[PDB]
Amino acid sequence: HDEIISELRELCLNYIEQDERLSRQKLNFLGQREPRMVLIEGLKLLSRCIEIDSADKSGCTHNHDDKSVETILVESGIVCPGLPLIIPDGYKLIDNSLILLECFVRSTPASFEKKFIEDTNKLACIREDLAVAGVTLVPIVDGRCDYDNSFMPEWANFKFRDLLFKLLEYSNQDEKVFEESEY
């Protein structure tokens, strides 16, 4: 556990590119001491790498601060009340067009298509609200089939995931030592 956490921190500091948009989540990760919290912030760190790559590939701004669509519009001088709470992975306002980006990773075709339709529906549900406010929605769903990203060599991506999986294994191995113990 201590060794796994140490190896994870070393990968984070030495083998994830120092793009400044990642620095906050790296610090969030490096600050964690509890295994369950290392795992949680490590998955989030991997996710941000994917999100920022998707934003750069899709031509918009990564939603670094988890702003809502409401805030993004207000931020740009656009009133649109009653908009449900939607926090996109990326966004870009060009003229009257609001690009909204959702991205994800899934590892089987069934889970891929399910999440693809979920994120599509999530953005689609504010199209008409945006249209009433003069904003044409440009919704983008970028589904990935693995965790490959431009900020990490493939071998270090793999080692990071292998190490996170060991923390998962220990948790699950922990409670089967709970389940054959208990009541």
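Start at 1 with the first residue shown and count on from there.
S.K.: Do the C-alpha atoms of 46 to 54 or of 27 to 35 have the higher average B factor in the entry?
M.R.: According to the PDB entry, the answer is 27 to 35.
S.K.: If you average the CA temperature factors as listed in the entry, which stretch comes out higher, 56 to 64 or 150 to 158?
M.R.: Higher of the two, by average CA B-factor, is 56 to 64.
S.K.: Of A110, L83, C103, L98, which one's C-alpha B factor is largest in the deposited record?
M.R.: Going by the entry's C-alpha B-factors, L83 comes out highest.
S.K.: How does the C-alpha B factor of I40 compare with the rest of the chain: lowest, middle or highest third?
M.R.: It falls in the top third of the chain.
S.K.: If you rank every modelled residue in this chain by C-alpha B factor, which third holds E70: lowest, middle or highest?
M.R.: Within its chain, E70 is a highest-third residue by C-alpha B-factor, going by the deposited values.
S.K.: If you rank the chain by CA B-factor, which third does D19 end up in: lowest, middle or highest?
M.R.: As the PDB entry reports it, the C-alpha B-factor of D19 lands in the middle third of its chain.
S.K.: Looking at the temperature factor on the CA atom of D142, which third of the chain's modelled residues does it land in?
M.R.: Answer is lowest: the recorded C-alpha B-factor places it there.
S.K.: Is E118 in the lowest, middle or highest third of its chain when residues are ranked by C-alpha B-factor?
M.R.: Its C-alpha B-factor belongs to the middle third of this chain's values.
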